[PDB]
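Before any questions on binding or motion, here is one chain by itself as structure tokens, the form deposited in one PDB entry.
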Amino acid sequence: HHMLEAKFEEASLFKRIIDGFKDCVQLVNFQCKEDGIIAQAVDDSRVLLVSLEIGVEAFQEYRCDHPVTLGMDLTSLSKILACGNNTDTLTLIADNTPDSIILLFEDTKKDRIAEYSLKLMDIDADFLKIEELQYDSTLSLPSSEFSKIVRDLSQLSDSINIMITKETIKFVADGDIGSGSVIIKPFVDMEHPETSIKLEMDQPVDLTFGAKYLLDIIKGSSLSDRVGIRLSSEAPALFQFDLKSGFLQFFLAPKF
């Protein structure tokens, strides 16, 4: 015992994971299984889904005797998760049929220990599996560039339109003061693989998304310096920031 004990070497990883999506959802259902953690959250309007996978390899110690679903409020969780040092050892702890989850920050010298208890919510766990097999288009680019594009075009419009034609990625915003149009071209840079812009287009796309939601999605930069985007004319877009053993995904419904 206890039933669940998940020990990150550095609290920084989980701090950043929660930074990745704390601003766009109020409630989150974590599910800790023998093979690692997954989590889902949806916003008030059911246009944004957050899906998280943390494999067992991301922990320095992991044990979960039985799957549990832990419902948490993001304000409470983020407050508590701000209490660590980035280099502290962090341990999620839970018992059978838990009323709360324990977060244990431990010093690297063993001088101090900060133990926090977080009351859990009751949340009916209706996990969605909306990821498609094929998407019309797939691209990947540096997350900082995605952030710059989104933050720029957000000043002009509530809505940002992503258009993909062969060898051409285009972001557009139209508003009262004016309009903006960023055109980026795919290229593989061998001197700096991290700057590359990659595109695979089985079918061209023209989709519109709420700027409010893209502004939250770009906060996945805290986890990865690149972002993958999968776009479908019939389904939500998928924005993915990889971990070394997992990922953070945002599924965002286009505007009709």
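Note that residue numbering follows the sequence shown and begins at 1.
One more form of this protein, deposited with a partner chain bound, exists but is not displayed; see below.
Its partner chain is not shown here, but in the deposited complex it comes within 4.5 Å of a heavy atom of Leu48. Contact between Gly20 and its partner chain in the deposited complex is not found at the 4.5 Å heavy atom cutoff.
When its partner chain is considered in the deposited complex, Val42 lines it closely, a heavy atom lying within 4.5 Å.
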